[PDB]
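K.L.:
Quick mapping for you: the protein sequence lines, in order, are chains D and B. As numbered in the entry's author numbering, residues 1996 to 2020, 2034 to 2074, 2091 to 2396, 2411 to 2476, 2489 to 2527 make up the first sequence, in order. As numbered in the entry's author numbering, residues 558 to 577, 584 to 612, 623 to 738, 742 to 853, 981 to 1064 make up the second sequence, in order.
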Amino acid sequence: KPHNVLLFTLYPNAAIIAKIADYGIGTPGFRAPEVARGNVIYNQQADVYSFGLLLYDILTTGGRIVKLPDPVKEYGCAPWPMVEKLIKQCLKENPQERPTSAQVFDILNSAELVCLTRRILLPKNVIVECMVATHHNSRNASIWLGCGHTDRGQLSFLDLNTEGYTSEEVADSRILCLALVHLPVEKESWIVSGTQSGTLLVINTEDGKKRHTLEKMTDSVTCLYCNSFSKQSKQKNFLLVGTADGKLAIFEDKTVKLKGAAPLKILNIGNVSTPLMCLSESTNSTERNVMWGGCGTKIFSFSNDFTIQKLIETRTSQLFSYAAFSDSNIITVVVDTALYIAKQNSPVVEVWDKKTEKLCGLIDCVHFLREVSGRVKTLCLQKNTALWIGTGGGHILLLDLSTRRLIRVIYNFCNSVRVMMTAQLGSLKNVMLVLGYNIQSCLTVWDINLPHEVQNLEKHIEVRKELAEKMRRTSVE
Amino acid sequence: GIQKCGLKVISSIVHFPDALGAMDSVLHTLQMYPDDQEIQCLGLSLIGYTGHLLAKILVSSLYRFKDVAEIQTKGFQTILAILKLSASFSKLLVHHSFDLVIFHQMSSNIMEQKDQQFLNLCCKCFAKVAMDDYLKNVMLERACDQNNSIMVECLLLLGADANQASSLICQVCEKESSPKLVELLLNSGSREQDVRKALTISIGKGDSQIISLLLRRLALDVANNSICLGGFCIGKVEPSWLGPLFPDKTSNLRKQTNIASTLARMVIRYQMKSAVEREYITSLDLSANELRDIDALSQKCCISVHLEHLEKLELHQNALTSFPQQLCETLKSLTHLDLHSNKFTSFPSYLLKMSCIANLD
Ligand SMILES: CNC(=O)c1cc(Oc2ccc(NC(=O)Nc3cc(C(C)(C)C)nn3-c3ccc4ncccc4c3)c(F)c2)ccn1
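Given below as structure tokens:
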């Protein structure tokens, strides 16, 4: 029972924190059903029910203290799901269903248990590759996921706080990507999405009836982006869009407020042969005025004046690697001291240098997966020199930029990662949102400290094992 | 004296096939002539394949000058050849003097010079001695005995058990060291008991810099915004220590150097190729530190502006006698103050002057 657990220190990164003691002085609150009935013989498995009751008390913070109900519903608390799954599994009437103590320790030794904060299962519908994040720090915390099952588009609005969503077909043609622009000075928060027919709707989240259509482009829309030139500069924000005819059109965040708004500038970087796929911003502040994008087999970097600064050709990549993989458009681009490149239907990642315009390294996800199809799908990078890799097989790879080593491989939670990107919720914390297949769509929210948590847990468990072995040997001696 | 021109004739004949011993002869000459003969000692090919004196003579000749461009590259090629002949050469090599010359040449501005082939040979030798990781631990111990934080990072990155040995951290902290070195050792894994012993050591030899470096690892949790200095038996307390523990938002992030990580990356590649071939701190626990006064907290060094946002101050199980009044007015946002199990004699009435005090004990 919680009365029989002693605490030595409150510092989370400690060798010894909690201890067990039998005070020498079962109870109705925490009686195991086999023991409560009493027609049973003591078994190792009997204590597992008490341990699960302890877990429930910890999750509820002693709410039961002052057939059990749902931990989230009965008392307000963070979901923190796989522990709830552990409680459901262990708290089973059948004794054989109770996991062994070693199994409980092993499943409790997973850092994913700590990192996984929330998991949402969208109801049966077309999976959403579209994903947006909310800039609002109030109770309004939601995403703008969108799916298309017919010619006309459709959008969804799913609030994380309320765990509910509303979906309705609003766009006359399918949506493929979205962007969000925020102007708190004018209190204008707008969401723009592009039709496969070749027009765009901008919609106000404050009033759903503010729906107006932009000018038309020749071919469908590939990607959108909303660029902020830092919060300490007087430069005006711009809505960048990239189409399939190489048209890089720029909408002004104040121009789009009126119906029938004309794009101010257009760059014809590519064509149908090499359509533009994605955009990205430089992580370092030294190149924040330089914006990069993968125009098919081309990489363009342009300054705030919308003039190209550097061009890189991907056709030099197959000289070392396989030709068929290299002969494809680049899908994701990550801009840092070294460019990280992933291209369509490829299991390898290329490293470019912004100075020499030459290959600097190769990341072979095939070998990493074989260590435990392998096509990479999406990328994201953070400040602490840790890179997250989304695979087409439903796996997530963690690497460190310091050594290009494998940190952890995450699986058994989705069938195929579509998109994955960083976000901030209403409590100002930073988390990672991952969307995968299961076809059912599953959304997972991971703690941003996942690599640090993995390293800390590994070091702590190694220290505990070493101390236990040393003291056991001392006792035997 | 004729041995100089004799070695010239020797260099002429070594190009002929089947030159075979002449190794003992040239070794005696090199021990006799330090400067001129060593300039042409590059002619030493694979001969004799076990005398440690020969290897000792080789390394001592390299180090005795250590400032002539050509003999360094020549001698590095020579030592590379003989280790390819026998891997047991690496053991005796790192045993006698290998560190004293290797660290000196790689830290004497080896970067920013058009010596790409030179560095390549040195990294090839590095990847060669990187095997038998016990030797790497020896290299780490010797690299910590001296104050060279430039290469310790490389040894840690290649993989070295920093908890090998009086552990490493206590040794580094005992002698006068640099903040960069102790930081690199704390960032890599090192046993908590070793770090605790190192804190006691650095308390003895008073140095605010190393004290803060350690306390940022033992007693700081950024998630909770709390200092957890509970039970460390720090007999005193100084504001110059808790300074860098508080966020101090003026500070930023800057990559001072990257030469060590790139050096580590290329030696790893060569080894692989050779194998293939706001948010202030709202708590301050000082409980059970065997204090005797906290008078040293007055117009503190950058700690005064941070104490104004403290919302808890655990001072229990110490042995105090008063509460400094200047601290009472500085702590303008406390709510939970703990003073139990101290040694007080009269209630300081001015404690009740704090602007927001709400739980006095
Ligand atoms: C603020 N700090 C405090 O309040 C505080 C208070 C504190 O008081 C104590 C608490 C517990 C114990 N004793 C035990 O826990 N014994 C024990 C452990 C186990 C385990 C190992 C199987 C759990 N089995 N048995 C155990 C062994 C034999 C028994 N025989 C008969 C009956 C019961 C028995 C129990 C004690 F001596 C003192 C200790 C530390 N801090």
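Note that the Cβ used here is the ideal one computed from N, Cα and C, for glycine as well.
Would you kindly work out how many angstroms separate the C-alpha atoms of D:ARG2143 and D:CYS2452, rounded to a whole number?
P.N.:
11 Å
K.L.:
Beta-carbon of D:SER2440 versus every beta-carbon of chain B: anything under 9 Å?
P.N.:
yes
K.L.:
Any Cβ of chain B within less than 9 Å of the Cβ of D:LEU2146?
P.N.:
At a cut-off of 9 Å, the C-beta of D:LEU2146 has no neighbouring C-beta in chain B.
K.L.:
Where does D:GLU2512 fall in DSSP's three states?
P.N.:
helix
K.L.:
Assuming B:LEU1042 contacts B:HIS1019 under a Cβ cut-off of 8 Å, what Cβ separation, rounded to an integer in Å, is found between them?
P.N.:
7 Å
K.L.:
Could you give the DSSP three-state label for B:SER766: helix, strand or coil?
P.N.:
coil
K.L.:
Going by C-alpha to C-alpha distance, which of D:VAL2472, D:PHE2275, D:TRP2168 sits closest to D:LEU2291?
P.N.:
D:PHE2275
K.L.:
Tell me which residues pass a beta-carbon proximity test against ligand 1: closer than 6 Å to any heavy atom, given in chain order.
P.N.:
D:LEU2001, D:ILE2015, D:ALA2016, D:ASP2017, D:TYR2018, D:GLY2019
K.L.:
Nearest by alpha-carbon distance to D:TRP2316: which of D:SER2350, D:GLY2474, D:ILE2354 is it?
P.N.:
D:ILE2354
K.L.:
Since D:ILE2215 is in the beta strand (DSSP E), which residue starts that stretch and which ends it?
P.N.:
2212-2219
K.L.:
Suppose you measure from the CA of B:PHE649 to the CA of D:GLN2505; what does that come to, to the nearest Å?
P.N.:
Roughly 38 Å separates the two Cα atoms.
K.L.:
Smallest Cα separation from D:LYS2148: which of D:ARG2514, D:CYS2492, D:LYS2515?
P.N.:
D:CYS2492
K.L.:
Smallest Cα separation from D:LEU2507: which of D:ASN2295, D:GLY2188, D:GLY2412, D:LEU2137?
P.N.:
Across the set D:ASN2295, D:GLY2188, D:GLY2412, D:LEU2137, the C-alpha of D:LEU2137 shows the shortest separation from the C-alpha of D:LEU2507.
K.L.:
Flag B:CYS746 as yes if its beta-carbon sits less than 9 Å from any beta-carbon of chain D, otherwise no.
P.N.:
no
K.L.:
Report buried or exposed for B:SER827, applying the criterion of at least 16 other Cβ atoms within 10 angstroms of its Cβ.
P.N.:
By the neighbour-count rule (16 or more Cβ atoms within 10 Å), B:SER827 is not buried but exposed.
K.L.:
Output yes or no for whether 9 Å exceeds the beta carbon distance between B:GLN847 and B:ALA703.
P.N.:
yes
K.L.:
Assuming D:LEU2238 contacts D:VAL2205 under a Cβ cut-off of 8 Å, what Cβ separation, rounded to an integer in Å, is found between them?
P.N.:
So it is not a contact: roughly 13 Å between Cβ atoms.
K.L.:
List the residues of chain C whose Cβ lies closer than 7 Å to the Cβ of B:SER837, in chain order.
P.N.:
Although the question refers to chain C, the structure presented lacks it and instead comprises the protein chains D and B.
K.L.:
Quick one: any contact between the region 765-781 of chain B and the region 793-802 of chain B, if contact means 3 or more CB pairs under 8 Å?
P.N.:
yes
K.L.:
What residue range does the alpha helix (DSSP H) around B:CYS746 cover?
P.N.:
Residues 744-750.
K.L.:
Within the 9 Å Cβ cut-off, does D:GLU2512 reach chain B?
P.N.:
Answer yes: the Cβ-Cβ gap between D:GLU2512 and chain B drops below 9 Å somewhere.
K.L.:
Measuring straight from C-alpha to C-alpha, what distance separates B:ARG767 and D:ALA2010?
P.N.:
10 Å
K.L.:
Quick check on the burial criterion: 16 or more other C-beta atoms within 10 angstroms. Buried or exposed for D:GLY2430?
P.N.:
buried
K.L.:
In terms of DSSP beta bridges, what is D:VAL2000 paired with?
P.N.:
D:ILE2015
K.L.:
Measure the alpha-carbon distance for B:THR646 versus B:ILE652 and round it to whole angstroms.
P.N.:
10 Å
K.L.:
Which ranges does the alpha helix (DSSP H) cover as unbroken runs of at least 4 residues, wholly within the region 1001-1059 of chain B, from first to last along the chain?
P.N.:
Listed in chain order, they are 1007-1010, 1028-1033.
K.L.:
Per DSSP, which residues does D:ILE2354 bridge with? Please list them.
P.N.:
Answer by DSSP bridge pairing, in chain order: D:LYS2367.
K.L.:
Got a sec? Which residues, its chain only, sit under 6 Å from B:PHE662 by beta carbon, not counting five neighbours each side?
P.N.:
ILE655, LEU656
K.L.:
Within the region 2264-2317 of chain D, note down every full beta strand (DSSP E) run reaching 3 residues or more, in order along the chain.
P.N.:
2271-2276, 2289-2292, 2300-2305
K.L.:
According to DSSP, simplified to helix, strand and coil, what is B:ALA840?
P.N.:
DSSP places B:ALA840 in helix when its eight states are reduced to three.
K.L.:
Using a C-beta to C-beta distance shorter than 8 Å, which residues of chain D count as neighbours of B:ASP797?
P.N.:
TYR2006, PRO2007, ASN2008
K.L.:
Just the chain B side, please: which residues come within less than 8 Å of D:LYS2509 by C-beta, in chain order?
P.N.:
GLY765
K.L.:
Note the first and the last residue of the continuous alpha helix (DSSP H) segment covering B:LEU564.
P.N.:
560-570
K.L.:
On the DSSP bridge assignment, give the partners of D:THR2429 in chain order.
P.N.:
D:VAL2414
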